[PDB]
Amino acid sequence: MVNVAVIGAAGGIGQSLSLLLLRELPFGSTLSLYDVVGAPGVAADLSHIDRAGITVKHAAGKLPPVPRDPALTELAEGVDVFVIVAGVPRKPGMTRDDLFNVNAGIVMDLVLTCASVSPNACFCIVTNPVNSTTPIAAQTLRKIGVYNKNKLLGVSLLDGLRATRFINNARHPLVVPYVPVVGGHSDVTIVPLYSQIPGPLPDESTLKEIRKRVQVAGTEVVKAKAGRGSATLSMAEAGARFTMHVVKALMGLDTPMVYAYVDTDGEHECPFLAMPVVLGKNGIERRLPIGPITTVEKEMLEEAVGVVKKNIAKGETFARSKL
Amino acid sequence: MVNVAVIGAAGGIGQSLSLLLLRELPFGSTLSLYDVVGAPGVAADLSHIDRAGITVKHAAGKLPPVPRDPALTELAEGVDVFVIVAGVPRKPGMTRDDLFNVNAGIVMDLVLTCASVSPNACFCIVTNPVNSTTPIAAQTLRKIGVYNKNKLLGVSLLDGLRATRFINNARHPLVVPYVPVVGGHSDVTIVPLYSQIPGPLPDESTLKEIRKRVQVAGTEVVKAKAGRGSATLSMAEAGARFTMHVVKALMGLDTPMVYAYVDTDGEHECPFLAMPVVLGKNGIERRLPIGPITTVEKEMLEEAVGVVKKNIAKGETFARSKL
Amino acid sequence: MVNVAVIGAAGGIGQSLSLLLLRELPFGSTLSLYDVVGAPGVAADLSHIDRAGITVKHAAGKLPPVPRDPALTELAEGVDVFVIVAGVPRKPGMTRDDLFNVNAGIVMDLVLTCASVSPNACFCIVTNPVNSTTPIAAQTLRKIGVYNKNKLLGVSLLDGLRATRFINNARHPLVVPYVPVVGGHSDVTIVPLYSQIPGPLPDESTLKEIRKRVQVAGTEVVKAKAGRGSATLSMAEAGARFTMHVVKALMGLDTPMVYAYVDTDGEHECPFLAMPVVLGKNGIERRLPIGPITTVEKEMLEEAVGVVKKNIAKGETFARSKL
Amino acid sequence: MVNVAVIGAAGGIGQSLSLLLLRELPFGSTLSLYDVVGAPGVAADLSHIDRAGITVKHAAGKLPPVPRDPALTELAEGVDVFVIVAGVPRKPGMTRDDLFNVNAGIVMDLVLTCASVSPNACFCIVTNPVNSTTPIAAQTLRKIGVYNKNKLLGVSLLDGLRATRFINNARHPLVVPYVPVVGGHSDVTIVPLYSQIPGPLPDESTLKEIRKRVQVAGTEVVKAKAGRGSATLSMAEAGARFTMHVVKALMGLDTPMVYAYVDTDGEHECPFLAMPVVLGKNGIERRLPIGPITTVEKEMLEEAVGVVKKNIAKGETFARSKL
Amino acid sequence: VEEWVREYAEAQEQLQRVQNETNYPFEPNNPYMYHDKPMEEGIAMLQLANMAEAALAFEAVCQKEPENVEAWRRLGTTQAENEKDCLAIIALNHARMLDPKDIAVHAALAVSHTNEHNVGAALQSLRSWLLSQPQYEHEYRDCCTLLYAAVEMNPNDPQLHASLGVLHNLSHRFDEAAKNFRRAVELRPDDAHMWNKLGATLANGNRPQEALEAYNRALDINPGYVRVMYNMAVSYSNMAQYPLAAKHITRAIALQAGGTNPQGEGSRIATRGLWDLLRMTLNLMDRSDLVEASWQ
Amino acid sequence: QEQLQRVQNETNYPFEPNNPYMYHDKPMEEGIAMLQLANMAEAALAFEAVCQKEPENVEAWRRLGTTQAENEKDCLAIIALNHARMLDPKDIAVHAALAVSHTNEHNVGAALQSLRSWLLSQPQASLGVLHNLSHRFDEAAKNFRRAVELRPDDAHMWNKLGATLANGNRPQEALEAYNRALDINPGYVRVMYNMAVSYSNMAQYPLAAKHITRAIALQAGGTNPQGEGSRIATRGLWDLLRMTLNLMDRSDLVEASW
């Protein structure tokens with residue numbers, strides 16, 4: 001059937017994501033858990049549960065992160081979908097900007113090792129920062145020798161969920177399903193589009209307030225949790241839903257429309273943005289334009305894409321600096 | 001409508017169970033969370049997910065453990081089900097006696113504070129020494145003055161899930177939904193009745209090894225984790241299913257039968273045992289007899305009841321402690 | 001908890017509708033049936049479908065029709081939702097007016113009986129034509145004096161369904177869940193607002209064709225059915241789905257938003273037009289406006305309301321000849 | 001990719017079964033309706049459903065019953081599952097003298113025409129004389145020769161579903177998912193099993209009447225309907241459920257165990273019986289024994305074996321009389 | 001006191017007796033009981049419109065011995081012509097048991113059942129009317145086939161054609177019934193009732209302009225046909241001429257109870273139904289000052 | 001009684017309106033003398049009889065708190081000793097006695113705060129009390145056992161030792177070695193409570209009911225049957241009896257509970 005690797009589990013965003021996928025994956029699906037420490041414990045704990053028909057395979061690594069770990073290459077044959085979340089805040093007290101470098105370096109070797117044996121497989125990176133790691137992954141795939149812009153999906157459904165929850169919270173006896181979001185996935189680069197949904201809209205002041213609340217919530221959620229760490233539950237939900245959509249599309253039982261951070265293929269000046277896209281039996285099948293945009297909120301997209309230019313440029317400059 | 005209240009939100013079990021529970025609740029739920037440390041953070045994390053229609057409430061007391069915390073008698077108003085999931089799960093090399101000592105006081109305080117605000121609320125016990133803490137909860141309810149012998153259910157579905165997972169693997173294509181289990185929970189008080197299910201049973205020699213594997217699973221899980229914790233998700237998954245069954249029966253749109261640690265009116269000599277029961281709009285209505293039993297099963301059952309006699313002795317009798 | 005009642009059972013839109021409702025009606029509820037002929041038929045026939053928690057009742061009547069049937073005003077007591085789905089077959093001739101001249105009268109009878117025993121039950125009209133039958137039902141309710149405009153739902157979703165199925169077949173890989181349709185429910189009284197739907201949208205010429213077809217579809221069926229029959233099946237699913245929308249809400253398990261044929265409380269003229277509405281536990285609680293439309297759509301709407309203005313006048317004036 | 005073709009969707013067991021099959025089939029499936037008179041009408045009727053992913057098609061046959069009409073041959077190309085529903089329209093026949101004869105020719109046509117183009121088809125028999133047509137169907141397959149014991153099947157859920165409903169009425173809330181009925185599909189041959197049911201089974205005196213009801217349950221349907229048709233919706237629903245189970249088994253998404261009229265090779269001396277069978281992604285994989293029974297079922301099985309043998313003897317006697 | 005106590009005591013006793021025997025809840029206010037024995041009041045009256053108190057006089061004379069066919073046919077005919085077809089059914093059903101004679105019975109009874117909705121009993125009544133006739137004495141299908149088996153036989157036969165037209169009115173086939181009444185009336189252009197039944201099959205045929213042309217001069221025959229003016233009211237409502245329709249319905253309510261009704265009220269004999277014609281009429285004008293508030 | 005109302009208002013210490021003694025211009029000598037005989041229950045009512053008049057510490061509040069802690073109602077003791085602590089933050093015995101009173105029911109951090117207060121007032125059994133906060137009962141017994149040999153003159157100094165082998169399983173030692181502590185100053189309701197608990201832990205022992213009945217009897221001695229006077233704070237064994245009779249053998253004395 002399928003094989004959804006959840007490589008990077010047993011730590012943060014993982015575990016919960018594996019638990020959600022265990023009771024959601026179609027019959028006959030096979031899971032794969034990988035981590036540097038504690039992976040056998042999670043594998044044993046996630047093997048006594050009901051719903052027979054799903055088998056669990058796992059492998060562990062070597063404490064010293066030998067790049068290109070031979071054990072990880074064993075947990076790569078037959079995999080079709082990869083969920084790369086190597087998230088760890090090893091220096092929470094000392095908050096300074098080397099987390100970008102650490103995460104990028106980890107993702108580089110991880111994606112290189114994964115793609116060295118399984119080229120024709122989708123990628124669903126959920127490793128902050130998702131704005132600059134995706135160009136790094138594209139550069140690594142280009143260096144490997146095989147690359148496909150069709151399957152390089154960057155999870156961004158968290159912004160959509162956050163916008164939909166807020167928009168369904170003031171309008172009391174009225175609920176909506178999804179809300180479009182176009183841009184990047186970091187602070188100033190996200191802008192909701194409250195002009196493509198049915199029903200009357202509220203006044204401009206509350207619209208701006210909701211826009212700002214969706215604009216910035218990471219600092220609020222971090223401050224709420226005593227500054228200990230970021231949010232790990234909503235991210236797991238968004239990742240599980242996105243990978244479930246992907247695995248459903250690959251099996252050929254649904255062709256849904258989502259909002260993805262993928263290469264624009266020349267349809268937009270910046271060759272990376274969160275646009276509508278419909279999945280298919282072999283990946284991305286048809287990109288779609290953004291559509292009509294109100295001129296009031298049109299100015300925001302200019303500075304959003306301007307910041308995206310700098311983020312992507314830093315992404316490629318760092319990637320070429322190493323190799 | 002319903003109001004599920006999980007006690008002990010933060011941790012490793014309470015947050016995973018809460019996340020699993022806030023994905024298939026009936027429309028109109030008012031889930032509430034409590035913990036000494038954390039709790040605001042988990043509430044903020046869980047307030048961003050989509051599917052509006054559920055209101056999330058949270059409370060948190062002071063860090064120093066104070067008996068009868070005011071937050072409990074601030075949030076415990078208007079509650080239907082109380083899922084008590086608390087007690088230290090990071091058991092060190094110390095024996096079982098210390099675990100009972102550290103869990104009995106916590107259970108006593110929690111039940112004493114909880115009962116005085118909503119007597120007409122079902123209780124779902126999750127703590128590991130359930131065999132011994134169920135009579136403790138019975139004492140806590142009795143000494144207050146309000147005690148219903150049909151609203152004191154205990155979680156035991158983990159053993160049944162393990163048993164059915166172990167059997168569904170042997171017989172391959174054939175699959176079953178449930179497997180009966182009798183007795184208790186702790187060490188040897190478990191007897192799975194394998195002769196009451198359809199299909200040709202396997203060889204007698206194997207049945208002993210499957211029974212032994214079912215009896216001994218916690219030690220295997222602990223050894224697989226190298227003594228760095230316990231099964232923090234399996235107990236967080238079956239509990240969610242049990243709570244869903246209880247709340248669905250309470251709403252009236254179901255009439256299921258489950259195997260739960262309950263009080264035996266007449267029937268068996270032991271005051272407590274794991275026998276099939278049926279829920280209802282009020283509570284436990286029709287306790288069911290065990291039925292036909294095989295000779296080896298009946299001798300294992302008499303050994304189990306002999307053990308649970310001493311377990312209930314170490315339980316209902318313990319009274320209190322003072323210097 | 002709820003007691004749904006079907007009046008036009010077993011004719012050609014009966015047994016199918018009752019079967020569809022049986023497989024989706026919530027647990028712990030009762031379903032009723034009634035017809036002049038075949039009442040002791042399909043009612044006992046569906047008693048062999050287990051669906052545990054569902055009880056089926058029935059009531060018969062004399063073959064010669066009698067106003068205010070004594071047997072009918074026995075089962076009507078205790079119901080909560082009514083589905084007046086009784087009609088007449090379509091003979092080859094069936095010129096206008098005369099057919100209506102029959103279909104009105106029976107409907108009036110089917111309102112007078114079940115009105116003095118439960119003036120608190122949500123109603124529903126399915127009989128063809130529906131643009132003129134709804135005013136007859138409104139005036140019949142107004143004769144007694146117990147009339148609530150919030151519960152006068154008229155089935156026109158067959159229209160909604162139709163539109164989606166066509167606009168989802170042109171724009172192929174893309175798919176939309178629902179497409180707004182304001183107006184009435186017949187010929188040139190149906191305006192499919194295809195410009196409030198998410199997506200890129202086809203060209204003009206095409207849009208035109210698709211539009212008109214939505215308006216002249218029944219014909220196809222009637223024709224294809226070699227000058228006999230009509231459109232039972234389709235007209236049943238619509239009815240079923242809608243009924244549920246109402247039921248769930250009333251109990252408090254969802255707040256859906258539909259598009260019904262409910263009198264306009266001071267809105268755009270034409271006091272019996274079709275506009276989007278949101279349901280609730282008391283019927284209809286809010287009426288959304290039509291919203292922005294383009295020049296092409298307003299060309300049809302400015303003349304469609306004129307046709308409705310004629311049928312609405314012919315409706316609430318029914319007094320054939322007394323004598 | 002599954003292709004379900006309904007042959008004979010004209011009667012009450014027709015259109016209704018086809019409609020139940022639609023709206024619930026897996027995505028990407030195709031439904032091929034067939035009939036002799038009225039196929040275009042029902043095809044156009046169902047072509048207005050929001051059920052994207054299905055491409056329902058029709059090919060009507062000539063009114064004269066010419067054997068091997070080319071119209072059915074084109075439709076029956078590339079079909080994976082066949083269901084046979086056509087036969088006597090409403091059974092106006094006096095007795096078994098002609099019903100066993102008039103249905104014989106239509107069975108000949110509807111089996112040989114489909115088998116001549118689709119060898120691997122897994123035909124399902126729904127006609128009223130199952131106990132006689134199933135050996136006849138096996139003979140028709142063996143004539144040209146594609147026969148495989150794991151392919152031919154006959155629906156039997158009607159008796160089991162009917163028996164399940166009876167018990168839940170008598171006993172308060174002990175819901176039993178299914179009861180293992182054994183025998184054939186006619187009169188006294190039916191026998192319900194009650195020993196393999198958890199709970200306090202009732203006394204033999206009252207249970208005797210319940211056993212009598214299942215065997216005689218077909219009579220009162222005609223009695224209440226004044227001899228105008230019988231068992232229309234129930235047989236269609238049971239057939240649709242069985243077809244869905246078979247389709248899911250062929251899809252590899254489930255491997256359940258059911259009770260179907262099958263060619264029991266070995267075990268019981270009868271060639272064709274009703275023994276429990278598990279479904280895999282090939283047809284039928286492993287057969288199961290009847291299991292232990294108490295005293296009263298022994299004589300019932302002793303009578304049922306003789307009745308089944310006589311019915312199969314009658315079928316084989318009619319066999320090779322025209323071919 | 002004794003000289004006249006019986007005249008009232010026995011009167012009330014026999015009134016209550018007749019009340020509880022079969023049917024017909026008599027109006028309490030007669031002011032006719034002491035001078036109703038010369039039954040010829042109904043023959044002296046009703047010849048020039050004013051067919052309201054004649055029904056009261058016939059009721060006053062029918063409160064006596066019930067074995068008179070005239071006393072039980074005149075009430076039915078007058079009440080049917082007065083558009084109060086509620087007690088007419090029960091009164092003529094009581095007249096049924098007084099032998100199958102008086103072929104006026106079973107003739108208006110077919111009309112009486114088809115008045116509101118009674119399809120089934122109308123056919124039986126019409127069949128009983130047909131069989132109670134020895135000149136040509138030699139299930140809707142069978143009932144209409146029996147009538148069709150005569151047609152030319154007894155060509156004039158105005159009552160047979162009237163029955164045929166009434167039966168055709170029940171089949172929702174007003175098109176052919178229209179030309180049936182059109183050629184039937186010319187045979188006897190004296191009785192306005194046959195004209196009235198004509199207008200109905202034109203009123204139901206969505207041709208009110210012609211239908212009124214049938215009623216108007218027919219009203220000149222007898223200006224007491226409340227049914228005719230009810231038809232004018234409904235036709236004017238259909239022409240969207242709402243003020244004239246309101247005037248006509250007000251005149252209809254005034255004329256129908258145009259007698260001692262305010263001082264002779266009974267059980268209202270469901271006259272509310274006729275009042276319902278006024279109701280929703282102002283719904284076209286939205287006369288918020290009055291609307292439903294004056295339903296008493 | 002106006003002074004009683006005023007001191008009830010200013011001080012959270014409850015005062016029983018029933019005052020059999022009252023007056024007693026010099027309460028201290030007989031209050032400390034008669035407790036040497038037995039039944040300090042009268043002695044506590046004597047010390048409150050002087051604490052009502054004089055809010056000054058003068059060892060009065062300290063002795064009252066110690067005697068109240070000796071009886072098994074160690075909830076009034078905390079609030080009674082808090083007033084002495086705040087008035088005189090110099091003595092170490094008030095803080096030492098507050099540490100055990102807090103740690104009795106459930107107070108963990110309060111005991112830590114109290115022991116710091118006790119230790120800070122020192123220019124130059126605590127280890128056992130600290131171990132009682134944790135669950136190191138096996139290694140906790142060492143310091144208590146050592147402390148016995150040093151001052152074998154006060155029962156309380158080893159009474160806390162007995163409960164050490166009462167709340168951590170193994171109902172021994174105190175079961176037979178230090179169950180005679182009543183021989184000096186018999187008022188230790190705590191000793192009878194611990195003995196009854198240990199008897200219940202071991203086996204049935206119907207005589208445990210008689211023992212606890214006698215414990216309540218001398219606890220409810222003279223001048224105790226006085227009216228409500230906000231004396232619900234006793235509670236305690238009033239519940240525990242409803243336990244035993246409901247479970248052990250009788251199951252028919254439940255009505256004899258209110």
# chains A, B, ... in the order shown; residues from 1 in each chain; ligands from 1

$ residues_around --residues "region 68-70 of chain A" --least-positions-apart "5" --cutoff "12 Å" --atoms "only C-alpha atoms" --output "PyMOL selection string"
chain A and resi 34-36+59-63+75-76+106-117

$ write_last_selection --atoms "N, CA and C atoms" --output "PDB file, in the first residue's frame"
ATOM      1  N   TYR A  34      11.782   6.951  13.306  1.00  0.00           N
ATOM      2  CA  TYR A  34      13.228   7.080  13.398  1.00  0.00           C
ATOM      3  C   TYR A  34      13.580   8.269  14.277  1.00  0.00           C
ATOM      4  N   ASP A  35      14.574   8.069  15.140  1.00  0.00           N
ATOM      5  CA  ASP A  35      15.096   9.135  15.984  1.00  0.00           C
ATOM      6  C   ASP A  35      16.421   8.663  16.569  1.00  0.00           C
ATOM      7  N   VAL A  36      17.183   9.614  17.110  1.00  0.00           N
ATOM      8  CA  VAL A  36      18.503   9.303  17.642  1.00  0.00           C
ATOM      9  C   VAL A  36      18.466   8.677  19.034  1.00  0.00           C
ATOM     10  N   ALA A  59      13.772   1.846  13.457  1.00  0.00           N
ATOM     11  CA  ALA A  59      15.214   1.675  13.516  1.00  0.00           C
ATOM     12  C   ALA A  59      15.808   2.847  14.280  1.00  0.00           C
ATOM     13  N   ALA A  60      16.973   2.670  14.881  1.00  0.00           N
ATOM     14  CA  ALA A  60      17.574   3.741  15.663  1.00  0.00           C
ATOM     15  C   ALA A  60      18.895   4.160  15.076  1.00  0.00           C
ATOM     16  N   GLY A  61      19.516   5.176  15.655  1.00  0.00           N
ATOM     17  CA  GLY A  61      20.753   5.683  15.091  1.00  0.00           C
ATOM     18  C   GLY A  61      21.925   5.624  16.033  1.00  0.00           C
ATOM     19  N   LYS A  62      23.010   6.305  15.686  1.00  0.00           N
ATOM     20  CA  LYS A  62      24.181   6.339  16.552  1.00  0.00           C
ATOM     21  C   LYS A  62      24.303   7.701  17.210  1.00  0.00           C
ATOM     22  N   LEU A  63      24.445   7.726  18.532  1.00  0.00           N
ATOM     23  CA  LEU A  63      24.529   8.999  19.250  1.00  0.00           C
ATOM     24  C   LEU A  63      25.391  10.002  18.500  1.00  0.00           C
ATOM     25  N   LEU A  75      16.057   2.065   7.089  1.00  0.00           N
ATOM     26  CA  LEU A  75      14.664   2.497   7.198  1.00  0.00           C
ATOM     27  C   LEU A  75      14.310   3.491   6.095  1.00  0.00           C
ATOM     28  N   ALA A  76      14.629   3.121   4.855  1.00  0.00           N
ATOM     29  CA  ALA A  76      14.335   3.957   3.698  1.00  0.00           C
ATOM     30  C   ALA A  76      13.738   3.204   2.519  1.00  0.00           C
ATOM     31  N   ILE A 106      21.126  20.300   9.938  1.00  0.00           N
ATOM     32  CA  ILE A 106      20.519  18.994  10.177  1.00  0.00           C
ATOM     33  C   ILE A 106      19.665  18.572   8.985  1.00  0.00           C
ATOM     34  N   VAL A 107      18.821  19.482   8.490  1.00  0.00           N
ATOM     35  CA  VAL A 107      17.936  19.159   7.376  1.00  0.00           C
ATOM     36  C   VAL A 107      18.737  18.820   6.127  1.00  0.00           C
ATOM     37  N   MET A 108      19.866  19.499   5.906  1.00  0.00           N
ATOM     38  CA  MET A 108      20.700  19.203   4.745  1.00  0.00           C
ATOM     39  C   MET A 108      21.085  17.728   4.702  1.00  0.00           C
ATOM     40  N   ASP A 109      21.757  17.246   5.751  1.00  0.00           N
ATOM     41  CA  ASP A 109      22.202  15.857   5.763  1.00  0.00           C
ATOM     42  C   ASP A 109      21.021  14.896   5.787  1.00  0.00           C
ATOM     43  N   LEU A 110      19.949  15.249   6.505  1.00  0.00           N
ATOM     44  CA  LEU A 110      18.790  14.363   6.566  1.00  0.00           C
ATOM     45  C   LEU A 110      18.184  14.152   5.184  1.00  0.00           C
ATOM     46  N   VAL A 111      17.912  15.244   4.464  1.00  0.00           N
ATOM     47  CA  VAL A 111      17.301  15.120   3.146  1.00  0.00           C
ATOM     48  C   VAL A 111      18.266  14.469   2.166  1.00  0.00           C
ATOM     49  N   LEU A 112      19.570  14.741   2.287  1.00  0.00           N
ATOM     50  CA  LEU A 112      20.532  14.092   1.402  1.00  0.00           C
ATOM     51  C   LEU A 112      20.511  12.580   1.591  1.00  0.00           C
ATOM     52  N   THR A 113      20.564  12.123   2.844  1.00  0.00           N
ATOM     53  CA  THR A 113      20.545  10.689   3.111  1.00  0.00           C
ATOM     54  C   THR A 113      19.233  10.060   2.660  1.00  0.00           C
ATOM     55  N   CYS A 114      18.109  10.741   2.901  1.00  0.00           N
ATOM     56  CA  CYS A 114      16.817  10.181   2.514  1.00  0.00           C
ATOM     57  C   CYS A 114      16.676  10.083   0.999  1.00  0.00           C
ATOM     58  N   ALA A 115      17.112  11.110   0.267  1.00  0.00           N
ATOM     59  CA  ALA A 115      16.934  11.131  -1.179  1.00  0.00           C
ATOM     60  C   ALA A 115      18.022  10.373  -1.925  1.00  0.00           C
ATOM     61  N   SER A 116      19.107   9.984  -1.249  1.00  0.00           N
ATOM     62  CA  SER A 116      20.149   9.216  -1.921  1.00  0.00           C
ATOM     63  C   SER A 116      19.667   7.848  -2.387  1.00  0.00           C
ATOM     64  N   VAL A 117      18.554   7.351  -1.851  1.00  0.00           N
ATOM     65  CA  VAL A 117      18.064   6.026  -2.204  1.00  0.00           C
ATOM     66  C   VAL A 117      16.613   6.027  -2.670  1.00  0.00           C
TER      67      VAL A 117
END

$ residues_around --residues "residue 255 (chain B)" --least-positions-apart "5" --cutoff "9 Å" --atoms "only C-alpha atoms" --output "VMD selection string"
(chain B and resid 248 to 249 278 to 281) or (chain C and resid 53) or (chain D and resid 173 to 175)

$ write_last_selection --atoms "N, CA, C and O atoms" --output "short mmCIF file (atom, residue, chain, number, x, y, z; two decimals), in the first residue's frame"
data_model
loop_
_atom_site.label_atom_id
_atom_site.label_comp_id
_atom_site.auth_asym_id
_atom_site.auth_seq_id
_atom_site.Cartn_x
_atom_site.Cartn_y
_atom_site.Cartn_z
N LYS B 248 -21.12 8.99 25.39
CA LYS B 248 -22.14 8.63 24.41
C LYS B 248 -23.30 7.90 25.07
O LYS B 248 -24.47 8.15 24.74
N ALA B 249 -23.01 7.01 26.02
CA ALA B 249 -24.07 6.34 26.75
C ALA B 249 -24.85 7.33 27.61
O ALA B 249 -26.08 7.24 27.72
N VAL B 278 -23.34 -2.94 31.41
CA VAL B 278 -23.99 -2.12 30.40
C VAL B 278 -24.33 -0.77 31.01
O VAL B 278 -24.83 -0.70 32.14
N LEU B 279 -24.05 0.30 30.27
CA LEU B 279 -24.29 1.65 30.74
C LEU B 279 -25.73 2.06 30.43
O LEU B 279 -26.57 1.25 30.04
N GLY B 280 -26.03 3.35 30.60
CA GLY B 280 -27.36 3.85 30.35
C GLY B 280 -27.41 5.34 30.59
O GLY B 280 -26.38 5.99 30.82
N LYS B 281 -28.63 5.88 30.52
CA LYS B 281 -28.82 7.31 30.72
C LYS B 281 -28.51 7.74 32.15
O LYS B 281 -28.26 8.93 32.39
N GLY C 53 -32.34 0.23 18.03
CA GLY C 53 -32.70 1.51 18.59
C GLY C 53 -33.72 2.30 17.80
O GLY C 53 -33.99 3.46 18.15
N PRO D 173 -30.97 -3.60 26.92
CA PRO D 173 -29.94 -3.20 25.95
C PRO D 173 -28.74 -4.12 25.88
O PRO D 173 -27.65 -3.78 26.37
N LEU D 174 -28.91 -5.29 25.26
CA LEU D 174 -27.80 -6.17 24.91
C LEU D 174 -27.79 -6.31 23.39
O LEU D 174 -28.39 -7.25 22.85
N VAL D 175 -27.12 -5.39 22.72
CA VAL D 175 -27.09 -5.33 21.26
C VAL D 175 -26.09 -6.36 20.76
O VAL D 175 -24.93 -6.37 21.17
#

$ closest_residue --among "B:86, B:251, B:221, B:137" --to "chain C" --atoms "only C-alpha atoms"
B:251

$ interface_residues --of "chain C" --to "chain E" --cutoff "8 Å" --atoms "only C-alpha atoms" --output "PyMOL selection string"
chain C and resi 64-67+98+102+139+143+317+319-323

$ write_last_selection --atoms "C-alpha atoms" --output "PDB file, in the first residue's frame"
ATOM      1  CA  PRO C  64     -62.232   6.546  -0.676  1.00  0.00           C
ATOM      2  CA  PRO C  65     -60.598   9.793   0.472  1.00  0.00           C
ATOM      3  CA  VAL C  66     -62.288  11.480   3.430  1.00  0.00           C
ATOM      4  CA  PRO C  67     -61.475  14.982   4.741  1.00  0.00           C
ATOM      5  CA  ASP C  98     -55.473  21.782 -14.096  1.00  0.00           C
ATOM      6  CA  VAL C 102     -55.571  18.914  -8.184  1.00  0.00           C
ATOM      7  CA  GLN C 139     -52.494  30.442   4.104  1.00  0.00           C
ATOM      8  CA  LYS C 143     -56.520  30.047   8.767  1.00  0.00           C
ATOM      9  CA  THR C 317     -56.202  32.808  -3.683  1.00  0.00           C
ATOM     10  CA  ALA C 319     -61.152  28.884  -3.583  1.00  0.00           C
ATOM     11  CA  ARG C 320     -62.322  26.794  -6.519  1.00  0.00           C
ATOM     12  CA  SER C 321     -66.107  27.156  -6.618  1.00  0.00           C
ATOM     13  CA  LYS C 322     -67.431  26.205  -3.155  1.00  0.00           C
ATOM     14  CA  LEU C 323     -70.959  25.240  -4.296  1.00  0.00           C
TER      15      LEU C 323
END

$ interface_residues --of "chain A" --to "chain D" --cutoff "8 Å" --atoms "only C-alpha atoms" --output "short mmCIF file (atom, residue, chain, number, x, y, z; two decimals) with C-alpha atoms, in the first residue's frame"
data_model
loop_
_atom_site.label_atom_id
_atom_site.label_comp_id
_atom_site.auth_asym_id
_atom_site.auth_seq_id
_atom_site.Cartn_x
_atom_site.Cartn_y
_atom_site.Cartn_z
CA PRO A 26 -6.01 3.48 5.66
CA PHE A 27 -5.99 -0.27 6.22
CA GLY A 28 -2.71 -1.87 5.19
CA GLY A 252 -5.86 7.87 -5.97
CA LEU A 253 -9.05 8.26 -3.92
CA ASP A 254 -9.26 12.07 -3.71
#

$ residues_around --residues "residue 240 (chain C)" --least-positions-apart "5" --cutoff "9 Å" --atoms "only C-alpha atoms" --output "list in words"
residues 17, 18, 20, 21, 24, 235 and 245 of chain C
